>>> print(open('my_file.txt').read())   # compact mmCIF, N, CA and C atoms
# COMPACT_ATOMS: atom_id res chain seq x y z
N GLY A 1 150.00 230.30 78.62
CA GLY A 1 149.35 229.06 78.22
C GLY A 1 148.24 228.69 79.21
N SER A 2 148.23 227.42 79.59
CA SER A 2 147.23 226.92 80.52
C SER A 2 145.84 227.01 79.89
N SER A 3 145.45 225.92 79.24
CA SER A 3 144.15 225.87 78.59
C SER A 3 143.66 224.42 78.53
N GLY A 4 142.35 224.27 78.44
CA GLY A 4 141.74 222.95 78.37
C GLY A 4 141.52 222.38 79.77
N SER A 5 140.34 221.80 79.95
CA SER A 5 139.98 221.21 81.24
C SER A 5 139.40 219.82 81.03
N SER A 6 140.14 218.82 81.50
CA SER A 6 139.71 217.44 81.37
C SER A 6 140.15 216.64 82.60
N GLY A 7 139.39 215.59 82.88
CA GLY A 7 139.69 214.74 84.02
C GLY A 7 139.67 213.26 83.62
N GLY A 8 140.52 212.49 84.27
CA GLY A 8 140.61 211.07 83.99
C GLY A 8 140.03 210.25 85.15
N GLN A 9 140.86 209.37 85.69
CA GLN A 9 140.45 208.52 86.79
C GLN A 9 141.59 208.35 87.79
N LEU A 10 141.22 208.24 89.06
CA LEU A 10 142.20 208.07 90.11
C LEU A 10 141.79 206.89 91.00
N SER A 11 142.79 206.12 91.40
CA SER A 11 142.55 204.97 92.25
C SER A 11 142.94 205.28 93.69
N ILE A 12 141.96 205.20 94.57
CA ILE A 12 142.19 205.47 95.98
C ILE A 12 141.66 204.31 96.82
N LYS A 13 142.52 203.80 97.69
CA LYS A 13 142.15 202.69 98.55
C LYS A 13 141.81 203.22 99.94
N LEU A 14 140.54 203.07 100.30
CA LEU A 14 140.07 203.53 101.60
C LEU A 14 139.84 202.32 102.51
N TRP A 15 140.00 202.55 103.80
CA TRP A 15 139.81 201.50 104.78
C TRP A 15 139.52 202.15 106.14
N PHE A 16 138.81 201.42 106.98
CA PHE A 16 138.47 201.91 108.30
C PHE A 16 138.93 200.94 109.39
N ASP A 17 139.93 201.37 110.14
CA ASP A 17 140.46 200.55 111.22
C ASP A 17 139.65 200.79 112.49
N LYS A 18 138.57 200.03 112.61
CA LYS A 18 137.70 200.15 113.77
C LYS A 18 138.47 199.74 115.02
N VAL A 19 139.54 198.99 114.80
CA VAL A 19 140.37 198.53 115.90
C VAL A 19 140.83 199.73 116.73
N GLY A 20 141.75 200.49 116.16
CA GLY A 20 142.27 201.67 116.83
C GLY A 20 141.45 202.91 116.48
N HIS A 21 140.40 202.69 115.72
CA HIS A 21 139.53 203.78 115.31
C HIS A 21 140.32 204.77 114.45
N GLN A 22 140.84 204.26 113.35
CA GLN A 22 141.61 205.08 112.43
C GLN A 22 141.12 204.89 111.00
N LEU A 23 141.12 205.99 110.26
CA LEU A 23 140.67 205.96 108.87
C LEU A 23 141.88 205.77 107.96
N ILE A 24 141.83 204.70 107.18
CA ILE A 24 142.91 204.39 106.26
C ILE A 24 142.54 204.87 104.86
N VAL A 25 143.54 205.36 104.15
CA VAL A 25 143.32 205.85 102.80
C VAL A 25 144.65 205.85 102.04
N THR A 26 144.83 204.84 101.21
CA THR A 26 146.04 204.71 100.43
C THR A 26 145.84 205.28 99.03
N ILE A 27 146.72 206.20 98.66
CA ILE A 27 146.65 206.84 97.36
C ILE A 27 147.44 206.00 96.35
N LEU A 28 146.73 205.09 95.70
CA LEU A 28 147.35 204.22 94.71
C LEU A 28 148.04 205.08 93.65
N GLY A 29 147.35 205.23 92.53
CA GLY A 29 147.88 206.03 91.43
C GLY A 29 146.76 206.44 90.47
N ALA A 30 147.09 207.39 89.60
CA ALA A 30 146.13 207.88 88.63
C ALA A 30 146.46 207.30 87.25
N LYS A 31 145.50 207.42 86.35
CA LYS A 31 145.67 206.91 85.00
C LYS A 31 144.73 207.66 84.05
N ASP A 32 144.97 207.48 82.76
CA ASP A 32 144.15 208.12 81.75
C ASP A 32 144.06 209.62 82.05
N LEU A 33 145.21 210.19 82.38
CA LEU A 33 145.28 211.61 82.70
C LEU A 33 145.40 212.41 81.40
N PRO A 34 144.92 213.68 81.46
CA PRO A 34 144.97 214.56 80.30
C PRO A 34 146.40 215.06 80.06
N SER A 35 146.99 214.58 78.97
CA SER A 35 148.34 214.98 78.62
C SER A 35 148.31 215.90 77.40
N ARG A 36 149.49 216.13 76.84
CA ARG A 36 149.62 216.98 75.67
C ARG A 36 149.80 216.13 74.41
N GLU A 37 150.00 216.82 73.30
CA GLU A 37 150.19 216.15 72.02
C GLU A 37 151.68 216.03 71.70
N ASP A 38 152.20 217.06 71.05
CA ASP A 38 153.60 217.08 70.68
C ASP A 38 154.34 218.07 71.58
N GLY A 39 154.24 217.84 72.88
CA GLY A 39 154.89 218.70 73.85
C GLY A 39 155.58 217.88 74.94
N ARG A 40 155.14 218.11 76.17
CA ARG A 40 155.70 217.40 77.31
C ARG A 40 154.60 217.06 78.32
N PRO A 41 154.92 216.09 79.21
CA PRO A 41 153.97 215.66 80.22
C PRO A 41 153.85 216.70 81.34
N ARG A 42 153.32 216.25 82.47
CA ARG A 42 153.15 217.13 83.61
C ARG A 42 153.50 216.39 84.91
N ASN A 43 153.36 217.10 86.01
CA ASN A 43 153.66 216.53 87.31
C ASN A 43 152.37 216.43 88.13
N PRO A 44 151.72 215.24 88.02
CA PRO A 44 150.48 215.00 88.75
C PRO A 44 150.75 214.75 90.23
N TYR A 45 149.78 215.13 91.05
CA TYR A 45 149.90 214.96 92.49
C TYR A 45 148.54 215.06 93.17
N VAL A 46 148.28 214.11 94.06
CA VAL A 46 147.02 214.08 94.78
C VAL A 46 147.15 214.92 96.05
N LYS A 47 146.00 215.28 96.61
CA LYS A 47 145.97 216.08 97.82
C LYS A 47 144.72 215.73 98.63
N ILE A 48 144.95 215.04 99.74
CA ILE A 48 143.86 214.63 100.60
C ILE A 48 143.63 215.71 101.67
N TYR A 49 142.40 215.78 102.14
CA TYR A 49 142.04 216.75 103.16
C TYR A 49 140.85 216.26 103.99
N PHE A 50 141.17 215.71 105.15
CA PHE A 50 140.14 215.20 106.04
C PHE A 50 139.35 216.34 106.67
N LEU A 51 138.19 216.61 106.08
CA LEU A 51 137.33 217.67 106.57
C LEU A 51 136.73 217.26 107.92
N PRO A 52 136.34 218.29 108.72
CA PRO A 52 136.49 219.67 108.28
C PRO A 52 137.95 220.11 108.37
N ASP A 53 138.15 221.41 108.20
CA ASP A 53 139.49 221.98 108.26
C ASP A 53 140.20 221.72 106.93
N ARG A 54 140.75 222.80 106.37
CA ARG A 54 141.46 222.70 105.11
C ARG A 54 142.64 223.67 105.09
N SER A 55 143.75 223.21 105.66
CA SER A 55 144.95 224.01 105.71
C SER A 55 146.17 223.12 105.98
N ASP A 56 146.05 222.30 107.02
CA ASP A 56 147.12 221.40 107.39
C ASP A 56 146.69 220.58 108.61
N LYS A 57 147.69 220.02 109.28
CA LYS A 57 147.43 219.21 110.46
C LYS A 57 146.92 217.84 110.03
N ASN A 58 145.62 217.78 109.75
CA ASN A 58 145.01 216.53 109.33
C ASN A 58 144.96 216.48 107.80
N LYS A 59 146.01 217.01 107.19
CA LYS A 59 146.11 217.03 105.74
C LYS A 59 147.21 216.07 105.29
N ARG A 60 146.85 215.20 104.36
CA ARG A 60 147.79 214.23 103.84
C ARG A 60 147.98 214.43 102.33
N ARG A 61 149.24 214.41 101.91
CA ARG A 61 149.57 214.59 100.51
C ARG A 61 150.63 213.57 100.08
N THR A 62 150.60 213.24 98.80
CA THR A 62 151.54 212.29 98.25
C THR A 62 152.69 213.02 97.55
N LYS A 63 153.76 212.27 97.29
CA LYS A 63 154.92 212.83 96.63
C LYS A 63 154.52 213.32 95.23
N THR A 64 155.13 214.43 94.83
CA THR A 64 154.84 215.00 93.52
C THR A 64 155.63 214.26 92.44
N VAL A 65 154.89 213.57 91.59
CA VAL A 65 155.50 212.82 90.51
C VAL A 65 155.85 213.77 89.36
N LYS A 66 156.99 213.50 88.73
CA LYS A 66 157.45 214.32 87.63
C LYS A 66 157.32 213.54 86.32
N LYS A 67 156.81 214.22 85.31
CA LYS A 67 156.63 213.60 84.01
C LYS A 67 156.10 212.18 84.19
N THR A 68 154.78 212.08 84.23
CA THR A 68 154.13 210.79 84.41
C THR A 68 152.61 210.94 84.37
N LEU A 69 152.02 210.41 83.31
CA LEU A 69 150.58 210.49 83.14
C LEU A 69 149.91 209.46 84.06
N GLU A 70 150.72 208.51 84.52
CA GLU A 70 150.22 207.47 85.40
C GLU A 70 151.10 207.36 86.64
N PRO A 71 150.78 208.21 87.66
CA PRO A 71 151.53 208.22 88.90
C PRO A 71 151.18 207.00 89.76
N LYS A 72 152.08 206.69 90.68
CA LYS A 72 151.88 205.56 91.57
C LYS A 72 152.47 205.89 92.94
N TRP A 73 151.62 206.41 93.81
CA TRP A 73 152.04 206.77 95.16
C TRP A 73 151.89 205.53 96.05
N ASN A 74 150.78 204.84 95.86
CA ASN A 74 150.50 203.64 96.64
C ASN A 74 150.97 203.85 98.08
N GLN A 75 150.80 205.08 98.55
CA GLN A 75 151.20 205.42 99.90
C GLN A 75 150.11 205.01 100.90
N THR A 76 150.33 205.38 102.15
CA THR A 76 149.39 205.05 103.21
C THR A 76 149.10 206.29 104.06
N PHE A 77 147.86 206.40 104.50
CA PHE A 77 147.44 207.52 105.32
C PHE A 77 146.42 207.08 106.37
N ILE A 78 146.81 207.22 107.63
CA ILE A 78 145.93 206.85 108.73
C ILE A 78 145.42 208.11 109.41
N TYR A 79 144.11 208.15 109.61
CA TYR A 79 143.48 209.29 110.26
C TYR A 79 142.71 208.86 111.51
N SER A 80 143.22 209.29 112.66
CA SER A 80 142.60 208.96 113.93
C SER A 80 142.77 210.12 114.91
N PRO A 81 141.91 210.11 115.96
CA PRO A 81 140.91 209.06 116.10
C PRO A 81 139.76 209.26 115.11
N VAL A 82 139.29 208.15 114.57
CA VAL A 82 138.19 208.18 113.62
C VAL A 82 137.17 207.11 113.98
N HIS A 83 135.95 207.56 114.23
CA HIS A 83 134.87 206.66 114.59
C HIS A 83 133.97 206.42 113.37
N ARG A 84 133.21 205.34 113.44
CA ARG A 84 132.30 205.00 112.35
C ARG A 84 131.16 206.01 112.28
N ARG A 85 130.74 206.47 113.45
CA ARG A 85 129.66 207.44 113.52
C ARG A 85 130.16 208.83 113.10
N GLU A 86 131.47 208.99 113.16
CA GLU A 86 132.08 210.26 112.79
C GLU A 86 132.01 210.46 111.27
N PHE A 87 132.10 209.34 110.56
CA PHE A 87 132.05 209.38 109.11
C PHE A 87 130.96 210.33 108.62
N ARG A 88 129.87 210.37 109.38
CA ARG A 88 128.75 211.23 109.04
C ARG A 88 129.18 212.69 109.07
N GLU A 89 129.93 213.04 110.10
CA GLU A 89 130.41 214.40 110.26
C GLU A 89 131.85 214.52 109.76
N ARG A 90 132.32 213.44 109.17
CA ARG A 90 133.68 213.40 108.65
C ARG A 90 133.68 212.90 107.20
N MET A 91 134.13 213.77 106.31
CA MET A 91 134.18 213.43 104.90
C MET A 91 135.57 213.73 104.31
N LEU A 92 135.97 212.89 103.37
CA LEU A 92 137.26 213.05 102.73
C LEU A 92 137.10 213.89 101.46
N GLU A 93 138.17 214.59 101.11
CA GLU A 93 138.15 215.44 99.93
C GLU A 93 139.49 215.33 99.19
N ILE A 94 139.49 214.51 98.15
CA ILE A 94 140.69 214.32 97.35
C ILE A 94 140.59 215.14 96.07
N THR A 95 141.73 215.66 95.64
CA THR A 95 141.78 216.46 94.43
C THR A 95 143.11 216.24 93.70
N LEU A 96 143.00 216.11 92.38
CA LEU A 96 144.18 215.89 91.56
C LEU A 96 144.52 217.19 90.82
N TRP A 97 145.79 217.57 90.92
CA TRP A 97 146.25 218.78 90.26
C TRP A 97 147.58 218.46 89.57
N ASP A 98 148.15 219.49 88.96
CA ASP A 98 149.42 219.33 88.26
C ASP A 98 150.36 220.46 88.66
N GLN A 99 151.54 220.07 89.12
CA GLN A 99 152.54 221.04 89.54
C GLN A 99 153.18 221.71 88.33
N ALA A 100 152.45 222.65 87.76
CA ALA A 100 152.93 223.37 86.59
C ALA A 100 154.13 224.24 86.99
N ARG A 101 153.82 225.41 87.53
CA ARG A 101 154.86 226.33 87.96
C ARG A 101 155.78 225.66 88.98
N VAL A 102 156.80 226.40 89.39
CA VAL A 102 157.75 225.90 90.37
C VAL A 102 157.77 226.82 91.58
N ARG A 103 158.03 226.22 92.74
CA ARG A 103 158.08 226.98 93.98
C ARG A 103 156.89 227.94 94.06
N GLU A 104 155.72 227.40 93.78
CA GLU A 104 154.50 228.20 93.83
C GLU A 104 153.28 227.29 93.99
N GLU A 105 152.11 227.91 93.95
CA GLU A 105 150.87 227.17 94.10
C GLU A 105 149.99 227.36 92.86
N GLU A 106 150.66 227.46 91.72
CA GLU A 106 149.95 227.64 90.46
C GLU A 106 149.45 226.29 89.93
N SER A 107 148.35 225.84 90.52
CA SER A 107 147.76 224.57 90.13
C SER A 107 146.71 224.80 89.04
N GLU A 108 146.59 223.82 88.17
CA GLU A 108 145.62 223.90 87.08
C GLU A 108 144.38 223.06 87.41
N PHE A 109 144.48 222.31 88.50
CA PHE A 109 143.38 221.47 88.93
C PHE A 109 142.96 220.51 87.81
N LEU A 110 143.23 219.23 88.03
CA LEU A 110 142.88 218.21 87.06
C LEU A 110 141.46 217.72 87.33
N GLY A 111 141.06 217.82 88.59
CA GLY A 111 139.73 217.39 88.99
C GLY A 111 139.63 217.30 90.52
N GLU A 112 138.45 216.89 90.97
CA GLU A 112 138.21 216.75 92.40
C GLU A 112 137.42 215.47 92.68
N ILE A 113 137.83 214.78 93.74
CA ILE A 113 137.17 213.55 94.13
C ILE A 113 136.70 213.66 95.58
N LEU A 114 135.38 213.71 95.73
CA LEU A 114 134.79 213.82 97.06
C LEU A 114 134.22 212.47 97.47
N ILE A 115 134.54 212.07 98.69
CA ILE A 115 134.06 210.80 99.21
C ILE A 115 133.59 210.99 100.65
N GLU A 116 132.35 210.60 100.89
CA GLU A 116 131.76 210.73 102.21
C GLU A 116 131.97 209.44 103.01
N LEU A 117 132.75 209.56 104.08
CA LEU A 117 133.03 208.41 104.93
C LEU A 117 131.72 207.70 105.28
N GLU A 118 130.66 208.49 105.34
CA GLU A 118 129.35 207.96 105.67
C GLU A 118 128.97 206.84 104.69
N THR A 119 129.08 207.17 103.41
CA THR A 119 128.75 206.21 102.37
C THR A 119 130.02 205.78 101.62
N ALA A 120 131.14 205.88 102.32
CA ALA A 120 132.42 205.51 101.74
C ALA A 120 132.55 203.99 101.72
N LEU A 121 132.62 203.45 100.51
CA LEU A 121 132.75 202.01 100.34
C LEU A 121 134.14 201.56 100.79
N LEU A 122 134.24 201.24 102.07
CA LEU A 122 135.51 200.80 102.63
C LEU A 122 135.55 199.27 102.65
N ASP A 123 136.49 198.72 101.90
CA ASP A 123 136.65 197.28 101.82
C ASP A 123 138.11 196.94 101.52
N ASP A 124 138.98 197.87 101.87
CA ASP A 124 140.40 197.69 101.64
C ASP A 124 140.63 197.20 100.20
N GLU A 125 139.95 197.86 99.28
CA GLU A 125 140.06 197.51 97.87
C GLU A 125 140.28 198.77 97.03
N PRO A 126 140.99 198.58 95.89
CA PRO A 126 141.27 199.69 94.99
C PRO A 126 140.02 200.07 94.19
N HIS A 127 139.66 201.34 94.29
CA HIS A 127 138.50 201.85 93.58
C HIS A 127 138.90 203.06 92.73
N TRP A 128 138.41 203.07 91.50
CA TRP A 128 138.71 204.16 90.59
C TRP A 128 137.55 205.15 90.65
N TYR A 129 137.86 206.34 91.16
CA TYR A 129 136.86 207.39 91.28
C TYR A 129 137.06 208.46 90.21
N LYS A 130 136.12 208.52 89.29
CA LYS A 130 136.18 209.50 88.21
C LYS A 130 136.46 210.88 88.80
N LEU A 131 137.17 211.69 88.03
CA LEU A 131 137.51 213.04 88.46
C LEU A 131 136.45 214.01 87.95
N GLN A 132 136.14 214.99 88.79
CA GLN A 132 135.15 215.99 88.44
C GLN A 132 135.82 217.36 88.25
N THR A 133 135.52 217.97 87.12
CA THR A 133 136.09 219.27 86.80
C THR A 133 134.97 220.30 86.59
N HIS A 134 134.48 220.83 87.70
CA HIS A 134 133.41 221.81 87.64
C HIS A 134 133.42 222.65 88.93
N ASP A 135 133.99 223.84 88.81
CA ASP A 135 134.07 224.75 89.95
C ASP A 135 132.69 224.85 90.61
N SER A 136 132.71 225.14 91.90
CA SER A 136 131.48 225.27 92.66
C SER A 136 130.77 223.91 92.74
N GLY A 137 130.76 223.36 93.95
CA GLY A 137 130.12 222.08 94.18
C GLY A 137 129.14 222.15 95.35
N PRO A 138 128.33 221.07 95.49
CA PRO A 138 127.35 221.00 96.57
C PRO A 138 128.03 220.71 97.91
N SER A 139 127.27 220.91 98.97
CA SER A 139 127.78 220.67 100.31
C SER A 139 126.70 220.96 101.35
N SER A 140 126.47 219.98 102.22
CA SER A 140 125.47 220.12 103.26
C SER A 140 125.63 219.00 104.29
N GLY A 141 125.09 219.25 105.47
CA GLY A 141 125.16 218.28 106.55
C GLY A 141 123.81 217.59 106.76
>>> encode(input="my_file.txt", output="structure tokens")
Amino acid sequence: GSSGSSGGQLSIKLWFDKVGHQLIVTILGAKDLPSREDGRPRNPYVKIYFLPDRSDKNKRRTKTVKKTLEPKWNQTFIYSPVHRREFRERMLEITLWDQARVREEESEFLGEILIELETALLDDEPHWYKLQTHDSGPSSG
């Protein structure tokens, strides 16, 4: 199986704690996700990755929701030390996927949400960032 590519919307709450110099990012929940017709739902799950580096350490992920087109992690993620000037050289990379297979990494990728701390609208408010489903994306410093 595994067919069709569509993206909905995801709500991510970003914040910048200039106090302790930490980057806040709460993964609210997703909605209007691509489901099936006369079948079954899926297991949506977000995956944050404070670039650079994409493997672990400074990687934050939310609990994998089971059967739910509208997940609600509303979790919290603090990234420090994080400076305001760093935002320029520090960008967040969120991506929504679906835990299809089991005990594996067979993701179907629901979309990708890129946010540049540089121009990251941080106001401790919930923002819905449309999901992008198009392999190969831009990138430059």
>>> residues_around(input="my_file.txt", residues="residue 80 (chain A)", least_positions_apart="2", cutoff="8 Å", atoms="only C-alpha atoms", output="mmCIF file with N, CA and C atoms, in the frame of the given file")
data_model
loop_
_atom_site.group_PDB
_atom_site.id
_atom_site.type_symbol
_atom_site.label_atom_id
_atom_site.label_comp_id
_atom_site.auth_asym_id
_atom_site.auth_seq_id
_atom_site.Cartn_x
_atom_site.Cartn_y
_atom_site.Cartn_z
ATOM 1 N N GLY A 20 141.750 200.490 116.160
ATOM 2 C CA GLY A 20 142.270 201.670 116.830
ATOM 3 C C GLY A 20 141.450 202.910 116.480
ATOM 4 N N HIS A 21 140.400 202.690 115.720
ATOM 5 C CA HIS A 21 139.530 203.780 115.310
ATOM 6 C C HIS A 21 140.320 204.770 114.450
ATOM 7 N N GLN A 22 140.840 204.260 113.350
ATOM 8 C CA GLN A 22 141.610 205.080 112.430
ATOM 9 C C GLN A 22 141.120 204.890 111.000
ATOM 10 N N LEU A 23 141.120 205.990 110.260
ATOM 11 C CA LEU A 23 140.670 205.960 108.870
ATOM 12 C C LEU A 23 141.880 205.770 107.960
ATOM 13 N N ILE A 78 146.810 207.220 107.630
ATOM 14 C CA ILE A 78 145.930 206.850 108.730
ATOM 15 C C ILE A 78 145.420 208.110 109.410
ATOM 16 N N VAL A 82 139.290 208.150 114.570
ATOM 17 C CA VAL A 82 138.190 208.180 113.620
ATOM 18 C C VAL A 82 137.170 207.110 113.980
#
>>> axis_aligned_box(input="my_file.txt", around="region 8-20 of chain A", padding_each_side="4 Å", output="AutoDock Vina command-line options")
--center_x 140.3 --center_y 205.5 --center_z 100.4 --size_x 13.2 --size_y 22.0 --size_z 40.8
>>> closest_residue(input="my_file.txt", among="A:28, A:92, A:115, A:33", to="residue 58 (chain A)", atoms="only C-alpha atoms")
A:92
>>> select_by_dssp(input="my_file.txt", residues="chain A", states="helix (DSSP H, G or I)", output="PyMOL selection string")
chain A and resi 86-88+117-119
>>> closest_residue(input="my_file.txt", among="A:42, A:57, A:36, A:88", to="residue 70 (chain A)", atoms="only C-alpha atoms")
A:42
>>> residues_around(input="my_file.txt", residues="region 49-56 of chain A", least_positions_apart="6", cutoff="6.5 Å", atoms="all atoms listed in the file", output="list in words")
residues 89, 90, 91, 92, 93 and 94 of chain A
>>> atom_distance(input="my_file.txt", atom1="atom C of residue 135 (chain A)", atom2="CA of residue 105 (chain A)")
18.7 Å
>>> select_by_dssp(input="my_file.txt", residues="region 84-128 of chain A", states="strand (DSSP E)", output="list in words")
residues 91, 92, 93, 94, 95, 96, 97, 98, 111, 112, 113, 114, 115, 116, 125, 126, 127 and 128 of chain A
>>> residues_around(input="my_file.txt", residues="residue 25 (chain A)", least_positions_apart="6", cutoff="7 Å", atoms="all atoms listed in the file", output="NGL selection string")
:A and (12-16 or 75-79)
>>> closest_residue(input="my_file.txt", among="A:130, A:85, A:141, A:98", to="residue 118 (chain A)", atoms="all atoms listed in the file")
A:85
>>> atom_distance(input="my_file.txt", atom1="CA of residue 1 (chain A)", atom2="CA of residue 106 (chain A)")
12.3 Å
>>> residues_near_point(input="my_file.txt", point="(139.5, 208.9, 85.8)", cutoff="7 Å", atoms="all atoms listed in the file", output="ChimeraX atom specification")
/A:7-10,31-33,128-131
>>> write_last_selection(input="my_file.txt", atoms="N, CA and C atoms", output="short mmCIF file (atom, residue, chain, number, x, y, z; two decimals), in the frame of the given file")
data_model
loop_
_atom_site.label_atom_id
_atom_site.label_comp_id
_atom_site.auth_asym_id
_atom_site.auth_seq_id
_atom_site.Cartn_x
_atom_site.Cartn_y
_atom_site.Cartn_z
N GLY A 7 139.39 215.59 82.88
CA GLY A 7 139.69 214.74 84.02
C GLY A 7 139.67 213.26 83.62
N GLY A 8 140.52 212.49 84.27
CA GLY A 8 140.61 211.07 83.99
C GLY A 8 140.03 210.25 85.15
N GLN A 9 140.86 209.37 85.69
CA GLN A 9 140.45 208.52 86.79
C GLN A 9 141.59 208.35 87.79
N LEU A 10 141.22 208.24 89.06
CA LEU A 10 142.20 208.07 90.11
C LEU A 10 141.79 206.89 91.00
N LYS A 31 145.50 207.42 86.35
CA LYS A 31 145.67 206.91 85.00
C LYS A 31 144.73 207.66 84.05
N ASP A 32 144.97 207.48 82.76
CA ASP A 32 144.15 208.12 81.75
C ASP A 32 144.06 209.62 82.05
N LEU A 33 145.21 210.19 82.38
CA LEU A 33 145.28 211.61 82.70
C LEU A 33 145.40 212.41 81.40
N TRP A 128 138.41 203.07 91.50
CA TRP A 128 138.71 204.16 90.59
C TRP A 128 137.55 205.15 90.65
N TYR A 129 137.86 206.34 91.16
CA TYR A 129 136.86 207.39 91.28
C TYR A 129 137.06 208.46 90.21
N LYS A 130 136.12 208.52 89.29
CA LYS A 130 136.18 209.50 88.21
C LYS A 130 136.46 210.88 88.80
N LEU A 131 137.17 211.69 88.03
CA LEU A 131 137.51 213.04 88.46
C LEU A 131 136.45 214.01 87.95
#
>>> closest_residue(input="my_file.txt", among="A:29, A:133, A:60, A:44", to="residue 107 (chain A)", atoms="only C-alpha atoms")
A:44
>>> closest_residue(input="my_file.txt", among="A:67, A:101, A:61, A:84", to="residue 41 (chain A)", atoms="only N, CA and C atoms")
A:67
>>> closest_residue(input="my_file.txt", among="A:74, A:96, A:104, A:109", to="residue 26 (chain A)", atoms="all atoms listed in the file")
A:74
>>> atom_distance(input="my_file.txt", atom1="CA of residue 100 (chain A)", atom2="CA of residue 132 (chain A)")
19.3 Å
>>> build_atoms(input="my_file.txt", residues="region 20-31 of chain A", atoms="N, CA, C and O atoms", output="compact mmCIF listing (two decimals), in the frame of the given file")
# COMPACT_ATOMS: atom_id res chain seq x y z
N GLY A 20 141.75 200.49 116.16
CA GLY A 20 142.27 201.67 116.83
C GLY A 20 141.45 202.91 116.48
O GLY A 20 141.79 204.02 116.90
N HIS A 21 140.40 202.69 115.72
CA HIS A 21 139.53 203.78 115.31
C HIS A 21 140.32 204.77 114.45
O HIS A 21 140.43 205.94 114.80
N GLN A 22 140.84 204.26 113.35
CA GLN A 22 141.61 205.08 112.43
C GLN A 22 141.12 204.89 111.00
O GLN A 22 140.76 203.79 110.60
N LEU A 23 141.12 205.99 110.26
CA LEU A 23 140.67 205.96 108.87
C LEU A 23 141.88 205.77 107.96
O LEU A 23 142.81 206.58 107.97
N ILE A 24 141.83 204.70 107.18
CA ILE A 24 142.91 204.39 106.26
C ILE A 24 142.54 204.87 104.86
O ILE A 24 141.37 204.78 104.46
N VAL A 25 143.54 205.36 104.15
CA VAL A 25 143.32 205.85 102.80
C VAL A 25 144.65 205.85 102.04
O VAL A 25 145.48 206.75 102.23
N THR A 26 144.83 204.84 101.21
CA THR A 26 146.04 204.71 100.43
C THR A 26 145.84 205.28 99.03
O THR A 26 144.91 204.89 98.32
N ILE A 27 146.72 206.20 98.66
CA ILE A 27 146.65 206.84 97.36
C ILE A 27 147.44 206.00 96.35
O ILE A 27 148.64 206.20 96.18
N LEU A 28 146.73 205.09 95.70
CA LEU A 28 147.35 204.22 94.71
C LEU A 28 148.04 205.08 93.65
O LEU A 28 149.14 205.58 93.86
N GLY A 29 147.35 205.23 92.53
CA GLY A 29 147.88 206.03 91.43
C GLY A 29 146.76 206.44 90.47
O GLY A 29 145.65 205.92 90.54
N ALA A 30 147.09 207.39 89.60
CA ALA A 30 146.13 207.88 88.63
C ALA A 30 146.46 207.30 87.25
O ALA A 30 147.56 206.78 87.04
N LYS A 31 145.50 207.42 86.35
CA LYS A 31 145.67 206.91 85.00
C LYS A 31 144.73 207.66 84.05
O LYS A 31 143.82 208.36 84.50
